[PDB]
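Enquirer: Sequence first, structure after; it's an experimental one.
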Amino acid sequence: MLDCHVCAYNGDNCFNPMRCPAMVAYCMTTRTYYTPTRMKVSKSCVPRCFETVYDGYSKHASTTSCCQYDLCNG
């Protein structure tokens, strides 16, 4: 059992603590960056979350974080 913030907003970071189902055991958070005046964020409960790294040719305006701590993505 684990609790994470499940929501999505076009700004800094939304807040919505919700307990994951009897299958998920990790928190995912994808913070995207479109413009210097507008950003987007997304959080939810997932079983497996990988870290999105970009530093070469692809767009590095996005960074996905993963954790297993309660409200870790708060």
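Expert: Received it, and whenever you're ready, just let me know what you need. Residues are numbered from 1 along each chain as shown.
Enquirer: can I get the CA coordinates of whichever helix or strand residue 66 is part of in CSV?
Expert: For residue 66, the element it lies in under DSSP states H and E is strand 62-67. Extracted in CSV, the C-alpha atoms of strand 62-67 (Å, rounded to 0.1, in the frame of the first residue of the first chain):
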residue,chain,number,x,y,z
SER,A,62,11.1,17.1,-19.6
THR,A,63,12.1,15.2,-16.4
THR,A,64,10.2,12.2,-15.0
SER,A,65,10.7,11.4,-11.3
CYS,A,66,9.9,8.2,-9.5
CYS,A,67,9.7,7.3,-5.8
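Enquirer: so what strands line up beside it?
Expert: In the sheet, strand 62-67 lines up against strand 26-35 (antiparallel) (DSSP bridges).
Enquirer: So what touches the partner strand?
Expert: Outside strand 26-35, the residues that touch it by C-beta atoms under 8 Å, 6 or more residues apart in numbering are 2, 4-5, 13, 39-49, 52, 61-69, 72-73. To be clear about C-beta, it is placed using only N, CA and C from the backbone, and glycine gets the same treatment.
Enquirer: same thing but at 10 Å, please
Expert: For strand 26-35, the surrounding residues in contact (C-beta atoms under 10 Å, 6 or more residues apart in numbering) are 2-6, 8, 10, 12-13, 20, 39-50, 52, 59-74.
Enquirer: So how do I select the buried members of those in ChimeraX?
Expert: Selection of buried members from the contacts of strand 26-35 for ChimeraX, criterion 16 or more other C-beta atoms under 10 Å:
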select :2,3,4,5,6,20,39,40,41,42,43,44,45,46,49,66,72,73
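Enquirer: Since that was my last question, I'll sign off now.
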